[PDB]
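Written out below as structure tokens is the structure these notes cover.
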Protein chains: 2
Amino acid sequence: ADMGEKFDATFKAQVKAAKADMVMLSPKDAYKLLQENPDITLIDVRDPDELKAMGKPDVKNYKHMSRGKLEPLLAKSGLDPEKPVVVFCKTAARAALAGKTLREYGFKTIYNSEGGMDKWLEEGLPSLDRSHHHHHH
Amino acid sequence: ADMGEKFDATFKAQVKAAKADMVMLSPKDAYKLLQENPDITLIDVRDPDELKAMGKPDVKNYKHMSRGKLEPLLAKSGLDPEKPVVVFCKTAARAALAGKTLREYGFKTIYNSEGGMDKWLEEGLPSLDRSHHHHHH
């Protein structure tokens, strides 16, 4: 009555395969091609409160696709299977669902961003954040 | 040119399969089994920041499993494939990944919560939220 350890290994086997499905990059390597090639778009999948409180990537070619998992919003942004795209927030937000799907449909070059939103802010990458110092408590 | 019409339906097919691989129950029926039977645990899989702001389900046996997709926390929660569990927030956070994977391991009864966090608050269900009573302008 304690099979928590038993199935845990399997869960990690399934979930990790989702990041393995596509080309795993790093937010710097991803931004590199983003800023140089305005045709390569980054699609961020994260909730509005963290985006508001902590910040989100500041990129010229940025599409934030929310809904439940960008499903109905995908066509709304304007995407074609010959366009290179990268997804942010792989783990918690599950960018793996956002990106690995597209390549499973027929997208040329799709990248997944290792780490997450925390890596964007921390790696010194261009972020759009409401930097405010008017607060003590 | 544009393949929006094409993949929009496909993405909806894959994302929908995730709700289909679960027993879809409404938060009222979900909380019912939770509050009456403390063996049926509800697992909330969502971000803590929006949780802080909007509120989270205040049930007797609520466990927040926060990782990439609850994988490493599922082992430490004290769960056994003889217990029924329901996953809340099938929307953006996609609790469907939490529950649909578990049935692949042989759980007793796994439910997915129709609607989402919005349905919990809207239904006036037991929630733990910090009333924003510090704003008059």
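By convention in this document, the chains of the structure tokens carry letters A, B, ... by their order, each chain's residues are numbered from 1, and ligands are numbered from 1 in the order they are shown.
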
**Request:** Counting only C-alpha atoms, collect the residues of chain B whose closest atom lies at most 8 Å from chain A, and write them out as number ranges by chain.
**Result:** B: 1-5, 7-8, 10-12, 15, 47, 49-50, 66-69, 71-72, 74-82, 90-94, 101-102, 105

**Request:** Over all Cα atoms in order, fit chain A to chain B and jot down the RMSD to one decimal place.
**Result:**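 Per the least-squares fit, the RMSD is 0.7 Å.
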
Using only C-alpha atoms, determine which residues lie at most 12 Å from residue B:115, disregarding the query and same-chain residues fewer than 5 positions distant; provide the list as a tab-separated table (two decimals) with N, CA, C and O atoms, in the first residue's frame.
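Saved as result_0.tsv:
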chain	number	residue	atom	x	y	z
A	68	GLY	N	-6.30	26.46	-23.41
A	68	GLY	CA	-5.94	25.40	-22.49
A	68	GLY	C	-4.54	24.90	-22.77
A	68	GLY	O	-3.70	24.83	-21.88
B	19	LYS	N	-8.75	14.39	-22.28
B	19	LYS	CA	-9.95	14.40	-21.44
B	19	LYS	C	-10.74	13.10	-21.60
B	19	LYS	O	-11.54	12.74	-20.75
B	24	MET	N	-14.50	12.10	-16.77
B	24	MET	CA	-14.77	13.52	-16.63
B	24	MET	C	-15.91	13.77	-15.67
B	24	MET	O	-17.06	13.42	-15.94
B	25	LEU	N	-15.59	14.37	-14.54
B	25	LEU	CA	-16.56	14.67	-13.50
B	25	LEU	C	-16.55	16.16	-13.19
B	25	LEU	O	-15.50	16.80	-13.21
B	26	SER	N	-17.71	16.70	-12.88
B	26	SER	CA	-17.83	18.11	-12.55
B	26	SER	C	-17.45	18.34	-11.09
B	26	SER	O	-17.69	17.48	-10.25
B	27	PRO	N	-16.76	19.46	-10.79
B	27	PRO	CA	-16.23	19.77	-9.45
B	27	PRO	C	-17.22	19.57	-8.29
B	27	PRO	O	-16.80	19.32	-7.17
B	28	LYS	N	-18.52	19.62	-8.57
B	28	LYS	CA	-19.51	19.39	-7.53
B	28	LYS	C	-19.59	17.90	-7.19
B	28	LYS	O	-19.57	17.52	-6.02
B	30	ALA	N	-17.18	15.89	-8.01
B	30	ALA	CA	-15.82	15.60	-7.61
B	30	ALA	C	-15.62	15.88	-6.13
B	30	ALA	O	-15.13	15.02	-5.39
B	87	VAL	N	-8.32	14.85	-10.64
B	87	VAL	CA	-7.37	15.89	-10.98
B	87	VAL	C	-8.10	17.18	-11.35
B	87	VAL	O	-8.99	17.19	-12.20
B	88	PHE	N	-7.75	18.27	-10.67
B	88	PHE	CA	-8.39	19.56	-10.90
B	88	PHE	C	-7.53	20.43	-11.80
B	88	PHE	O	-6.31	20.30	-11.80
B	89	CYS	N	-8.18	21.31	-12.57
B	89	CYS	CA	-7.50	22.21	-13.51
B	89	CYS	C	-7.02	21.48	-14.76
B	89	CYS	O	-5.82	21.36	-15.01
B	90	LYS	N	-7.97	21.03	-15.56
B	90	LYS	CA	-7.66	20.34	-16.82
B	90	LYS	C	-7.41	21.34	-17.95
B	90	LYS	O	-7.19	20.95	-19.09
B	91	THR	N	-7.55	22.62	-17.64
B	91	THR	CA	-7.44	23.67	-18.65
B	91	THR	C	-5.99	23.95	-19.03
B	91	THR	O	-5.36	23.16	-19.74
B	92	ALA	N	-5.47	25.11	-18.62
B	92	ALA	CA	-4.13	25.54	-18.99
B	92	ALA	C	-3.05	24.61	-18.43
B	92	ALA	O	-2.12	24.22	-19.14
B	94	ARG	N	-3.53	21.62	-17.48
B	94	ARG	CA	-3.81	20.32	-18.08
B	94	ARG	C	-3.59	19.18	-17.09
B	94	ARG	O	-2.68	18.37	-17.25
B	95	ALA	N	-4.48	19.08	-16.11
B	95	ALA	CA	-4.44	18.00	-15.12
B	95	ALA	C	-4.71	16.65	-15.78
B	95	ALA	O	-4.48	15.60	-15.18
B	96	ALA	N	-5.15	16.69	-17.03
B	96	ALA	CA	-5.40	15.48	-17.80
B	96	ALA	C	-4.14	14.62	-17.89
B	96	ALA	O	-4.22	13.40	-17.90
B	120	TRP	N	-14.56	26.01	-9.94
B	120	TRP	CA	-14.53	25.86	-8.49
B	120	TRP	C	-15.00	27.14	-7.82
B	120	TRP	O	-15.93	27.12	-7.01
B	121	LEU	N	-14.36	28.26	-8.15
B	121	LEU	CA	-14.73	29.55	-7.58
B	121	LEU	C	-16.16	29.94	-7.95
B	121	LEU	O	-16.90	30.48	-7.13
B	122	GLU	N	-16.52	29.73	-9.22
B	122	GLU	CA	-17.82	30.12	-9.75
B	122	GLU	C	-18.96	29.37	-9.06
B	122	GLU	O	-20.07	29.89	-8.93
B	123	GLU	N	-18.70	28.13	-8.67
B	123	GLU	CA	-19.73	27.30	-8.05
B	123	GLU	C	-19.85	27.59	-6.57
B	123	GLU	O	-20.70	27.03	-5.87

**Request:** Please provide as a list in words all residues within 8 Å of residue A:86, with the sequence filter that same-chain residues fewer than 4 positions apart are discarded (counting only C-alpha atoms).
**Result:** residues 30, 40, 41, 42, 43, 99, 110, 111, 112 and 113 of chain A

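Between atom CA of residue A:21 and atom CA of residue A:109 lies a distance of 12.3 Å.
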
**Message:** Using only C-alpha atoms, can you tell me which of A:128, A:134, A:119, A:17 comes closest to residue A:60?
**Reply:**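 Ranked by minimum distance to residue A:60, first place goes to A:128.
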
**Message:** Taking only chain B into account, list the residues labelled strand (DSSP E or B) by DSSP (computed from the backbone), as a VMD selection string.
**Reply:** chain B and resid 23 to 25 41 to 44 56 to 57 62 to 64 85 to 88 110 to 113 127 to 128

Pull C-alpha atoms from the residues just selected and write them as a CSV table (one decimal), in the first residue's frame.
chain,number,residue,atom,x,y,z
B,23,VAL,CA,-13.6,10.0,-16.1
B,24,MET,CA,-14.8,13.5,-16.6
B,25,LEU,CA,-16.6,14.7,-13.5
B,41,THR,CA,-7.9,12.4,-2.9
B,42,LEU,CA,-8.0,15.5,-5.2
B,43,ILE,CA,-4.8,16.4,-6.8
B,44,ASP,CA,-4.4,20.0,-8.0
B,56,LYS,CA,-7.3,27.0,-4.5
B,57,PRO,CA,-9.7,24.1,-3.5
B,62,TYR,CA,-6.2,18.2,-1.2
B,63,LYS,CA,-2.7,17.7,-2.3
B,64,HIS,CA,-0.9,20.1,-4.6
B,85,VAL,CA,-8.2,10.3,-7.3
B,86,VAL,CA,-9.5,13.3,-9.2
B,87,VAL,CA,-7.4,15.9,-11.0
B,88,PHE,CA,-8.4,19.6,-10.9
B,110,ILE,CA,-9.4,8.4,-11.7
B,111,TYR,CA,-11.5,11.4,-12.4
B,112,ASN,CA,-10.8,14.6,-14.4
B,113,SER,CA,-12.5,17.8,-13.3
B,127,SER,CA,-11.8,27.4,-1.7
B,128,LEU,CA,-8.9,28.8,0.1

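The gap separating atom CA of residue A:18 from atom CA of residue B:18 is 14.2 Å, in Å to one decimal.
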
**Prompt:** Could you state the separation of atom CA of residue B:58 and atom CA of residue B:33 in Å, given to one decimal place?
**Reply:**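 Separation between atom CA of residue B:58 and atom CA of residue B:33: 14.0 Å.
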
**Message:** Among chain B, which residues does DSSP mark as alpha helix (DSSP H) when it is run on the backbone? Keep the chain and numbering as in the structure and answer as a ChimeraX atom specification.
**Reply:** /B:4-20,27-36,48-54,71-74,96-103,117-122
